[PDB]
Every structure is written in C-alpha cells, then in structure tokens.
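In: PDB entry and its sequence, pasted below:
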Amino acid sequence: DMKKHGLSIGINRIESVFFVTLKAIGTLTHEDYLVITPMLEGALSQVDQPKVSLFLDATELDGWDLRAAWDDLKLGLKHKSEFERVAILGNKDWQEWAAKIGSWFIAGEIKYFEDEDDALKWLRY
Amino acid sequence: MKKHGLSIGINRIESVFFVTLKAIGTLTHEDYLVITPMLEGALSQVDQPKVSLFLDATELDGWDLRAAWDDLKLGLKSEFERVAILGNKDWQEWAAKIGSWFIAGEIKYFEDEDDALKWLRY
C-alpha cells in the first residue's frame, strides 16, 4: 500500500570528498524503467569531477522482472570518465540482483558490502 | 563521516509516480556548484504531466546564506501539483526557504512521513 518503488541519484560530500550516491528500492517494473532511467541518465551526465566514485544503497531493493530492461542498464559519466570505485551495499543474504547490478557501471573496482560505514570508509580512503 | 548533499529521484507508491528529493547536512557554495547541475539534469527529464514532489529535509541542517542556494529555483520542463516538505525543525529556520525553490499549486510542511505521502497522492 505505502511501499515505495524506484531510485534516487545524488551527490554527497564526506570528509571534503564528493561522491555520487544511488539508492534503489522495491520491485522495479518495465514501466518503472521507462519513467525513472531517463532521469538517472540526465543527472549522471552532469557530474564532472576529476575523480569520482559511487555509493549504491540497494539494502531496500527487491529486484526486477526476468530479463527486464534493468539487466542492461548502463549508467556512465559526463565525459566518458569511469568511476574509480563503486561500493554496492546489500544485506546479509544474497539477493537476485547481486551478480547483475554491478554491470550498470564501468568502475576501476567494485566492492560489495553489508554495512554502510565500511562501504563509505572504503570509498573515502 | 557526516554526509552533506542532495539526492533526486522518482518513487512509485501503488500506481502513482512522484518526484523525491532528500537534502542532508549543511550545504556550501562548492556543494551548489557540484550538485545543482545534476539536480537540473534530472528534473529536465521528468515528463509526467501531473506530478508532485516529496522533499525529505529531516536530516537537513541548513546552507551558507551567501551561497547560491538561497536563490535556487527548481522546475519542470510544467509545474508540480503539490510539494510536501518533511522536517523536524521550526518551519521558519529552513522549510519556508527550501519551499520557495519550487512553484506548485500547494506547498505544505509535515513532521510525519505517512501524512506527507498521503497528502501528495490525494
């Protein structure tokens, strides 16, 4: 009834360093892809930092439909830059998107976490 | 490891899409220069003809008054029906100020999330 579904993209500064943030939540549909991804793309294309990394909060993501457009989503940076690091935060138990959601990104390194503090420390230092 | 910044999104509750924006920490002029182009890039892609905005300012401490944040105007390509601002502080500190970034039929301040969201989808 009140369950939320979708994603948000942002920029956060932590200890003087800016990073891109992404939060995915609920169960994503085809309609959701059509409505939400142009906005994510529009946002990410305006990020122009010397080096930049990404924090992906997927703790509240259920997943998406079999072979949905979400499998092939690509989120890239303003001048074809790659993310230095991408920290993917999940939960204790494996979820259907675990081995798939990383492919949205071109990254120097992708690391998976169950604790936000650890994820942020790895990104920052 | 205190976070300072803003995120923008689209969420759906049942069958209704709404724009969502969360602001956190104390925003500086450098933050403005880095975040506002992305915020504007996101908003220019919202095509839904009837749409509202949920603004989560629960973790917002404020911004530098000499920074461009005071003057920010966010909009659609073309207006929000409703903007629901969620926060804990006396409204006169920042709620009216951040509310003024938007043009909308109605702009309302809430301390309860459930009530804010219900009001947006009515």
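Out: Structure received. Residues are numbered from 1 along each chain as shown, chains lettered A, B, ... in the order given.
In: So what's the gap between the helix ranked longest in chain A and the chain middle?
Out: In terms of residue count, the longest helix belonging to chain A (DSSP state H) is helix A:30-44. The chain centroid and the centroid of helix A:30-44 are separated by 13 Å under Cα atoms, centre = their mean, to the nearest Å.
In: helices and strands around it, which ones?
Out: Using 3 or more Cβ pairs under 8 Å, 6 or more residues apart in numbering or on different chains; DSSP states H and E, the elements in contact with helix A:30-44 are strand A:4-14, strand A:17-28, strand B:3-13, helix B:29-43. C-beta here means a position set from N, CA and C on the backbone, and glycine is covered the same way.
In: and those as a markdown table, adding distance to residue A:56 and mean neighbour count?
Out: Output for those, formatted as a markdown table (distance: least, Cβ to Cβ, whole Å; neighbours: other Cβ atoms under 10 Å in any protein chain shown):
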| stretch | distance to residue A:56 | mean neighbour count |
| --- | --- | --- |
| strand A:4-14 | 10 | 23 |
| strand A:17-28 | 5 | 21 |
| strand B:3-13 | 12 | 23 |
| helix B:29-43 | 16 | 19 |
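In: which stretch among the ones you listed comes nearest residue B:77?
Out: For these, the distance to residue B:77 is smallest for helix B:29-43, at 7.9 Å, taking Cβ to Cβ.
In: what sits up against the closest one?
Out: Residues outside helix B:29-43 that contact it (Cβ atoms under 8 Å, 6 or more residues apart in numbering or on different chains): A:9-11, A:13, A:18, A:39-40, A:42-49, B:4-6, B:8-9, B:19, B:21, B:27, B:63-64, B:66-69, B:72, B:74-77.
In: can you do 6 Å?
Out: With contacts defined as Cβ atoms under 6 Å, 6 or more residues apart in numbering or on different chains, helix B:29-43 is touched by A:11, A:18, A:39, A:42-43, A:46-47, B:6, B:8, B:64, B:67-69.
In: what about dumping the CA coordinates of that helix to CSV?
Out: C-alpha atoms of helix B:29-43 as CSV (Å, rounded to 0.1, in the frame of the first residue of the first chain):
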residue,chain,number,x,y,z
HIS,B,29,28.7,27.1,-2.3
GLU,B,30,31.0,24.4,-3.5
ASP,B,31,28.2,21.9,-3.0
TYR,B,32,25.9,24.1,-5.1
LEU,B,33,28.4,24.1,-8.0
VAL,B,34,28.7,20.3,-7.9
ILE,B,35,25.1,19.3,-7.1
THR,B,36,22.8,21.7,-8.9
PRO,B,37,23.8,20.8,-12.5
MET,B,38,22.9,17.1,-11.7
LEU,B,39,19.6,18.2,-10.0
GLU,B,40,18.7,20.3,-13.0
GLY,B,41,19.6,17.4,-15.4
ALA,B,42,17.3,15.0,-13.5
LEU,B,43,14.4,17.4,-13.4
